[PDB]
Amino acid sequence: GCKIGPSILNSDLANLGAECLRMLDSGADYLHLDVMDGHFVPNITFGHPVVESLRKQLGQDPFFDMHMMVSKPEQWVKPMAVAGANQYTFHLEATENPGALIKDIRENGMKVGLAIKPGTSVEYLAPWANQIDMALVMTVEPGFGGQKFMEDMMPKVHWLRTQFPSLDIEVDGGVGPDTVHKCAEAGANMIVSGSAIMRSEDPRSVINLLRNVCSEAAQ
């Protein structure tokens, strides 16, 4: 039940279709697409127009997990749905009413993700955990790739896994062949990996390794 979703944040963004195609051909279970509006986090990546072009290049089959690091997630639900996103993962810190937003995401036919930054207590995620498809536990401060994995986040993963046995739990930030062990032992089953996969000459084997470490923990 473990899935690997490469992040393309530090890929060749001038050739994004190509980068995504090769992640998929390398065995990626899904694509984790980082959307940053320069307000919720101090960086700007891309938005629904890029998603639309990607969906056109990759076809209908690939699963897009949209990491919405934006300050008004309500605004981009419909645009992302129309663009062909499968899952809309918004930040708990980015809205006054997660309940209403969750409803709107489903109304627009997408799966629901809910993310929390390192400084945000997992306790605040809990009231909504039964209403979402996937919780995202950030393992770096969002906005930049290539940062150091924060192992102190693991109790958040373990606690969610304990309280919500069926919940899909994603980790994101500095996850690689080493740190994936900590994530998997803590209970995570969805692994986002950027620089570790993207700056490897053999992404197939990195992905295979991440998934195996994960599966053995799930066992």
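Heads up: residue numbers just count along the shown sequence, starting at 1.
Engineer: Looking at the deposited entry, does 15-23 or 196-204 carry the larger mean Cα B-factor?
Structural biologist: In the deposited entry, the stretch with the higher C-alpha B-factor mean is 196-204.
Engineer: Mean CA B-factor: is it higher for 106-114 or for 69-77?
Structural biologist: If you average the C-alpha B-factors of 106-114 and of 69-77, the larger mean comes out for 106-114.
Engineer: What's the residue among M36, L31, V180, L167 with the greatest CA temperature factor in the PDB record?
Structural biologist: Out of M36, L31, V180, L167, the record gives the largest C-alpha B-factor to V180.
Engineer: Which third, lowest, middle or highest, does the C-alpha temperature factor of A184 belong to within its own chain?
Structural biologist: Highest third of the chain for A184's C-alpha B-factor.
Engineer: Going by the CA temperature factor in the PDB record, which third of the chain does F149 belong to: lowest, middle or highest?
Structural biologist: For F149, whose C-alpha B-factor we compare with every modelled residue in the chain, the answer is the highest third.
Engineer: Among the modelled residues of this chain, does the Cα B factor of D172 put it in the lowest, middle or highest third?
Structural biologist: Ranked within chain, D172 CA B lands in the lowest tercile.
Engineer: Would the CA B-factor of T89 place it in the lowest, middle or highest third of its chain?
Structural biologist: Bottom third by C-alpha B-factor.
Engineer: According to the PDB entry, is the CA B factor of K56 in the bottom, middle or top third of its chain, that is, lowest, middle or highest?
Structural biologist: CA B-factor rank for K56: highest third.
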